[PDB]
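> I am attaching a structure below and will ask some questions about it afterwards.
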Protein chains: 2
Amino acid sequence: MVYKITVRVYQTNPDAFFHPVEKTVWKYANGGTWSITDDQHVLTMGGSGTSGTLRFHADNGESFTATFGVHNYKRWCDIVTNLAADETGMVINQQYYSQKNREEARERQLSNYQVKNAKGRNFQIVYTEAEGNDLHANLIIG
Amino acid sequence: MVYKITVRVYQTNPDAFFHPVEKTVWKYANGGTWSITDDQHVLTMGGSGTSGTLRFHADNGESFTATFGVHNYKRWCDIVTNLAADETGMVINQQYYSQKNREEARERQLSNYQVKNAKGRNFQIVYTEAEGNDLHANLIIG
């Protein structure tokens, strides 16, 4: 059955402004689509076992990836900060199915995750609808 | 050596409606960003030698990828209409730097390319500004 993850982005700090610069979809479970409905990023997936990655960028150099997916019928999420120049969104998205620490993050099936970058800025994902096929999550930027 | 490719999408046939469902950026040349300015898709790249893939999807089931980038200081593009169910945009984008047939398609440095899918719908990419670091291309859907 189709899984959908609707993401709302909350920027709370005026000292920086992030905007999406990359939207990727993993190939498993017949892939999926990244779309927009009323300023909401909607990830529609063909089933459980795949994911999608949003990469954001602020004009001050700061950047992070926010990956949302469904592993064994349960939602998961992870945030990667301090990205290298050759660490684009498609690079990160694939790592959750090849790189050990990333695979463990997905297998944790978190309804919420929190991490900071080197500058101290906090990034959080919180699933407000954390069960079923219609998932909703807030992306909160500190 | 920063390159920018501005893409304008033209849909000419009311029997279908396509919309972007994936925007990827290849990791080479310090990667880059996919952005939006006045309904135009803007691919900014840190240098020559990388690319970005836009995957489009119609509600009838039709899909294709339009990849734009710079190879050897000249613009290039390619359209893939025979998307496998496990071939998302990030899959296609990487193949231009791993699969020989896609490598050759990139190294041809096309500023103009036309191709159809199995249903007979035509897809076209034309660079109206095919010179310099500020490149401009039309994506015309038949």
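Following the order of the structure tokens, first chain is A, next is B, and so on, with residues numbered from 1 inside each chain and ligands from 1 in the order they appear.
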Using only C-alpha atoms, find the residues of chain B whose closest atom to chain A is at most 10 Å away, then write them as a count of residues only.

38

> Show me, as number ranges by chain, the residues that have an atom within 10 Å of residue B:117 when counting only C-alpha atoms, minus same-chain residues fewer than 2 positions from it.

B: 62-64, 80-83, 115, 119-123

> From the DSSP assignment of the backbone, select every residue of chain A that is strand (DSSP E or B), and format the answer as a ChimeraX atom specification.

/A:3-11,18-25,32-37,40-45,51-58,63-71,74-81,112-116,122-129,134-141

> Please measure the separation of atom CA of residue A:125 and atom CA of residue A:5, giving the value in Å to one decimal.

12.0 Å

> Between atom CA of residue B:72 and atom CA of residue B:50, measure the distance and give it in Å to one decimal.

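Taking atom CA of residue B:72 as the start and atom CA of residue B:50 as the end point, the length is 9.8 Å.
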
> Could you pull the residues within 7 Å of residue B:135, counting only C-alpha atoms, minus those fewer than 5 positions along the same chain, as an mmCIF file with C-alpha atoms, in the first residue's frame?


data_model
loop_
_atom_site.group_PDB
_atom_site.id
_atom_site.type_symbol
_atom_site.label_atom_id
_atom_site.label_comp_id
_atom_site.auth_asym_id
_atom_site.auth_seq_id
_atom_site.Cartn_x
_atom_site.Cartn_y
_atom_site.Cartn_z
ATOM 1 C CA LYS B 4 24.058 28.206 -14.127
ATOM 2 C CA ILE B 5 21.338 26.554 -16.214
ATOM 3 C CA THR B 6 17.887 28.152 -16.224
ATOM 4 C CA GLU B 129 21.530 30.431 -24.703
ATOM 5 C CA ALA B 130 24.062 27.672 -25.326
#
